[PDB]
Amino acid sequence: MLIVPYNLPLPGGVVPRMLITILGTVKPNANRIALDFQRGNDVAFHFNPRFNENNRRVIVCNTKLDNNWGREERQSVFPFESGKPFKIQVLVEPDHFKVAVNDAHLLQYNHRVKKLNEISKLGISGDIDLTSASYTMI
């Protein structure tokens, strides 16, 4: 059990082989979730499930640089369900973040922000009950 929004420090930033695990439960009438891997004010990797964007469910990924969002990458595979417990795993790989939900691969997101060891915070926000947020090296 954790207060949302939650900030998880990533000491010394991220590195290939680092695995971030987020456990929570989606609220009953959810509208959105967001993970924000941040490099200061920049968002290296924004992972944003939207439950009702024109009555469709979509995952939006993006990067924010100098307060400007870039080109979205969109995924229609949508593994989250209002009311249900989930596990998000984000594995840092050399060329991308690799995301699996509930043990099934979901998407990868190529590194736009190159200075991995400056991506030193993860913000977790939105319509969830947050159970845990942690990391380990595999």
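Heads up: residue numbers just count along the shown sequence, starting at 1.
- As the entry records it, the average C-alpha temperature factor is higher for 64-72, out of 64-72 and 93-101.
- Across the two stretches, 49-57 and 83-91, the PDB entry reports the greater mean Cα temperature factor for 49-57.
- The PDB entry assigns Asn31 a C-alpha temperature factor belonging to the highest third of its chain's modelled residues.
- Among the modelled residues of its chain, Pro11 has a C-alpha B-factor that falls in the lowest third according to the deposited record.
- The entry lists a Cα temperature factor for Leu107 that places it in the middle third of the chain's modelled residues.
- Among the modelled residues of its chain, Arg17 has a C-alpha B-factor that falls in the highest third according to the deposited record.
- When the CA B factors of the chain's modelled residues are split into thirds, the value for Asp127 lands in the middle one.
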